[PDB]
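What follows is a set of notes on a single structure, which appears directly below.
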Amino acid sequence: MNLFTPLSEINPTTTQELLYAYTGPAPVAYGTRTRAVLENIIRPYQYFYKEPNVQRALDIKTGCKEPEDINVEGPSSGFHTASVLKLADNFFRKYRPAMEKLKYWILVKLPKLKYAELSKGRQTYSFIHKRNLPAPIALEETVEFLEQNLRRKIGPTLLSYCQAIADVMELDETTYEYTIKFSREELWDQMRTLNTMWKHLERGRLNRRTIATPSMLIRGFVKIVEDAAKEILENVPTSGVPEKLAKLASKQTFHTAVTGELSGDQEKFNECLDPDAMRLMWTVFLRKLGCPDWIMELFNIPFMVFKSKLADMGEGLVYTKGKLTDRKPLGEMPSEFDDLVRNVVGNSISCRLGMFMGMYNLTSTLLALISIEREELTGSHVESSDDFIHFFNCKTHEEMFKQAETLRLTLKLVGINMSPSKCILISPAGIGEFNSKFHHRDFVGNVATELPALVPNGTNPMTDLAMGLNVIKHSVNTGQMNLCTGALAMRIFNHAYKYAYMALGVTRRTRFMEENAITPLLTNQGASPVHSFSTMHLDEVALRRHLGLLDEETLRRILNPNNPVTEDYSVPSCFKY
Amino acid sequence: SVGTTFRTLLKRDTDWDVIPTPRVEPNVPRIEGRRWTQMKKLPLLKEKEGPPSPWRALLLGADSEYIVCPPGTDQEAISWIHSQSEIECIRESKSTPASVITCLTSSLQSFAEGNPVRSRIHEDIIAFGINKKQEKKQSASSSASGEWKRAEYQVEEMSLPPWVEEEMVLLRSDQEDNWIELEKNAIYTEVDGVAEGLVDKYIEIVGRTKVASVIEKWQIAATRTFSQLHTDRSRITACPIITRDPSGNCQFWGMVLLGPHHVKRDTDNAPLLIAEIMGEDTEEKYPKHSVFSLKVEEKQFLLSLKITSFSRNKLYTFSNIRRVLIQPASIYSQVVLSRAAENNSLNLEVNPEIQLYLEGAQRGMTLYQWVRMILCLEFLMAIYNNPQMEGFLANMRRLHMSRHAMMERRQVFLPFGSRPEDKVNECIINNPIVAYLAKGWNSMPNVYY
Amino acid sequence: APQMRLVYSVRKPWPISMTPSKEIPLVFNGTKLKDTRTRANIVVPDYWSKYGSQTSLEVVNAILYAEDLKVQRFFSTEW
RNA sequence: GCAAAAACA
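Chains as they are written, first to last, in PDB author numbering: chain I, 1 to 177, 210 to 274, 279 to 602, 622 to 632; chain H, 174 to 622; chain J, 43 to 78, 87 to 129.
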């Protein structure tokens, strides 16, 4: 570790990029996710009260609590209704143009949104086939079910889909087409069911995490509320989505004042939030801006569905007799999760208060943003998921103490519970950290979580090369990489590109060029590279005829539209197989 | 719109109604909170105690050597090695029985006859775990006793190995060859030429080192093993590890044998039998390896055989191990630009003295040797990437930031129940390099004036 | 992660699913090209690159359009 | 034997 800490000619901030486990196998989760899902469900019930009483918190249908019951020495799950009201009003006081623009959204082109683009979603779980299926076929199955049960065609607008769902769920007995029947209780159970799955390619912590995905019949509501979150977050300076860190650190405070920086993370950011506070926030803002009652229902239904979640418990806990191993579901044999046994509903489990990954990453940010808005909190705050940075400008240290203490209390009011061991406060400002960006003095260092692949994507040579070049250009533009690193990365990418397409060594393709007297002319064919460091956005066939390395006859041969095989700025060619 | 049963159906699991209209007056309550605290002594990373953690990786690392063979193809070199050598066992391990050498000699011969894939033999049975799942399941069923209880898995805590510093200093051995061959790109402008010159100078300041040869060997081995994974087989495949020095000769690092590897998903473990050339043997460092004596042209070598099994993800990741060269160069590049920022006159032959804490003493050292240090440690971290590594490293970034802040004379504040040392400690169990970094951080001074 | 399969896909027998064509021979100089949609070998695009049908120069210029303008702005500027 | 939360073999 001492090797990573310089003292002369360079500061540790720049070399802190070395504090990353690059070029290594990312952890992959094995076996059952039941223990992780059960722990995720049980954490919020263990922090509602100062004294841990899981059973007493199982009957709580609303995270409303009292300030005396909030735990200041540990995680606290729940919220205070009056606190949420006042903080929402305070946030409503400021950021008027963003609210006016979301009013424009709701009154102009929110109904213009369709449901076909919902096909661009993540993997779904079909409630007819009981299997994980891709989004497009799930959408087609859903629209077929809707049209065969509602006795009318579903309109292209997403609001037509919303009304279609609302009407079809009131038809009691339903059937798909086989001839898979359903009931009202079955439809409600499908609404309540959440599909948990191991998070793949996750780096940054020892313990793996489970992300949830919802049914396709609620994804419309969740995506419209997330969209509203997007167009309220894009036009607020205190959000974490844009260069906000640099422009905020560009502050030049006067000498007779003290400025300090807090960089913090969150403990159990998805195990201390109740959706009811989110409901109250959305309802208060929409009512005070002027939305009607049908908009109230439209923007409050997703939390209605989420408050009754039935996230699957994986495949069951692990039990060993001797050297044997078996997956026994919860409740079959006593375990450390006995308190939740009464909440088991078939293969699922009821969890009134809680949160899961992959559901709401921006409206939780909105809750944090309304929480930070107070009167004595005269600082600048940037939030993104479970990471935050705050800048305090004041005159004396105890003012910093009280401001930071009341900030922590306000975040705990709605159930954020910033990490005591991951929040670092430096009373003189200048060196901060947020997301993946560091900041020393005035310079800011962007660090990529993942290095560039430096490998063709596998579609076809020219498109893969274009994507690799664009990735290198994006990496170098953001400051994550520089001249030497960019050139080394493009050399490595060139080597991988040549090897993957049998452009190196002796092989069948090389023998094909050799016997047929076909000299190489392109990079994939085996010719010398033509792309330089400054040539990141230039086409493969370009810069070759301009330099005279390609004759127009072979260009006509390859660029002929009548060829049996035919942002990506790749010209069509015969090699685009 | 709202339905009839819709309304109550939504009611059942919420105290409030669908559209919430609370009657409480909006206000901010005042809550007594704990005291902001400030720290003097930097946290001391606790050191796990117990047996030293042995070496575990795809290949050997610093103990990787090669046999010099006359110029020719892979088959000629394999035939020369097989026909001009005899094998006798020196060290026997229960994890890798001696009989698996019969497998290796079965492949060295077979590959010498134009058959990279050969039929199965009896010694292959206990070489790749063939029918091992059925064996274990039937044995457990026959010996099952007691009553079902919770799994309660645990990981043993193991101390810092004594061989970490020898690894860290042996990867830096000077080599007569560059060991890096990257095709030069074209140059059209001055900045592109400067970048190419920087990458060059990087190549011949970190190329003639043992770590570069080890990275090349890892890349070749992983690439050859991965190239034979997709094709589902039931017969043993041979993937020799031979490189070419810039004199025409052949360099035999070792040979990996791939079993039946009936892979289904993307994370299944294909079995492997890896034979490699060693420079020296150590008991507690390679407890699961079998060591044989190798005689080639009255020349002594040690052959290490290990039975292992790795997933396609890990093999593919190590097939692109060369990317590890990116991280150190950046520093060097930045340092060069730093000198440019000093005078706006780039040199390309700058070797500034970097000051570091070595054995508890603040002393300077050359930039090139420091870059070699960085490349070796990055390679060691990359080949030992486990969730403990990533968790410890991510939680240690904060302590590194705090230490830098104290170096540049600023105060750091912590909450009441703030113990970052625990959130850095829980990831320190048995990883050798994690413990090495913990010891290095602890050796540095903890109080700064 | 499709990039993990390209290594097989390039080495896969008959990598390319060919649109049925006639000007491409079945076997050229002791080497199968197509699988008589039908499949084709990796050497077929290279065969087309030298012994394939050409087209009008205006068509080539139109196809290469929107990709040159960057080239003659990069090679006509002074650093 | 490989991993790391029972997976592959």
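Don't be surprised by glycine CBs; every beta carbon is placed ideally from N, CA and C.
I need the straight-line Cα distance from residue i to residue j, nearest angstrom please.
i: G206 (chain H); j: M223 (chain I); result: 41 angstroms
i: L430 (chain H); j: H531 (chain I); result: 26 angstroms
i: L610 (chain H); j: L333 (chain H); result: 10 angstroms
i: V450 (chain I); j: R56 (chain I); result: 20 angstroms
i: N559 (chain H); j: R291 (chain H); result: 34 angstroms
i: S318 (chain H); j: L133 (chain I); result: 42 angstroms
i: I60 (chain I); j: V320 (chain I); result: 23 angstroms
i: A513 (chain H); j: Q584 (chain H); result: 32 angstroms
i: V121 (chain J); j: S568 (chain I); result: 13 angstroms
Would residue i pass as an interface residue toward chain J - the criterion being a Cβ-Cβ separation below 8 angstroms?
i: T362 (chain H); result: yes
i: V577 (chain I); result: yes
i: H403 (chain H); result: yes
i: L574 (chain I); result: yes
i: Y533 (chain I); result: no
i: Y489 (chain H); result: yes
i: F399 (chain H); result: yes
i: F569 (chain I); result: no
Apart from the five residues on each side of it in sequence, which residues of its chain come closer than 6 angstroms, Cβ to Cβ, to residue i?
i: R235 (chain I); result: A26
i: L87 (chain I); result: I406 and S407
i: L107 (chain J); result: none
i: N493 (chain H); result: none
i: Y557 (chain H); result: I606
Examine chain I for any beta-carbon lying closer than 8 angstroms to the beta-carbon of residue i, and answer yes or no.
i: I192 (chain H); result: yes
i: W321 (chain H); result: yes
i: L467 (chain H); result: no
i: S51 (chain J); result: yes
i: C262 (chain H); result: no
i: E356 (chain H); result: yes
Does residue i have its Cβ less than 8 angstroms from a Cβ in chain H?
i: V121 (chain J); result: no
Between which two residues does the beta strand (DSSP E) holding residue i run?
i: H417 (chain I); result: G415 to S420
i: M229 (chain I); result: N227 to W230
i: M451 (chain H); result: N442 to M451
i: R89 (chain J); result: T88 to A90
i: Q222 (chain I); result: Segment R216 to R224 is the alpha helix (DSSP H) holding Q222 (chain I); no beta strand (DSSP E) there.
i: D96 (chain J); result: First-last for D96 (chain J): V93 to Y101, but that is the alpha helix (DSSP H), not the beta strand (DSSP E).
i: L461 (chain I); result: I460 to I462
i: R417 (chain H); result: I409 to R417
i: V28 (chain I); result: Looking at the DSSP string, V28 (chain I) is not in any beta strand (DSSP E), and its letter there is neither H nor E.
Near residue i, what residues of its chain come up, given a Cβ to Cβ distance below 8 angstroms and the 5 sequence neighbours on each side ignored?
i: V294 (chain I); result: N429, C430, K431, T432, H433, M436, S463 and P464
i: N603 (chain H); result: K221, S226, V328, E329, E330, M331 and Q561
Given a threshold of 16 other Cβ atoms within 10 Å of its Cβ, counted over all protein chains shown, does residue i qualify as buried or as exposed?
i: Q561 (chain H); result: buried
i: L48 (chain J); result: buried
i: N513 (chain I); result: exposed
i: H476 (chain I); result: buried
i: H434 (chain H); result: buried
i: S314 (chain H); result: exposed
i: residue 674 (chain I); result: Only positions 1 to 632 of chain I appear in this structure, which leaves residue 674 (chain I) out of reach.
i: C308 (chain I); result: buried
i: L371 (chain H); result: buried
i: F301 (chain H); result: buried
i: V197 (chain H); result: exposed
i: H573 (chain H); result: buried
Along the alpha helix (DSSP H) that carries residue i, what are the first and last residues, could you check?
i: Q311 (chain H); result: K305 to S315
i: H510 (chain I); result: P497 to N513
i: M562 (chain H); result: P560 to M580
Ignore the nearest five residues each way along the sequence and tell me which others in residue i's own chain have a CB closer than 7 angstroms to its CB.
i: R229 (chain H); result: none
i: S386 (chain H); result: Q348 and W352
i: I337 (chain I); result: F253
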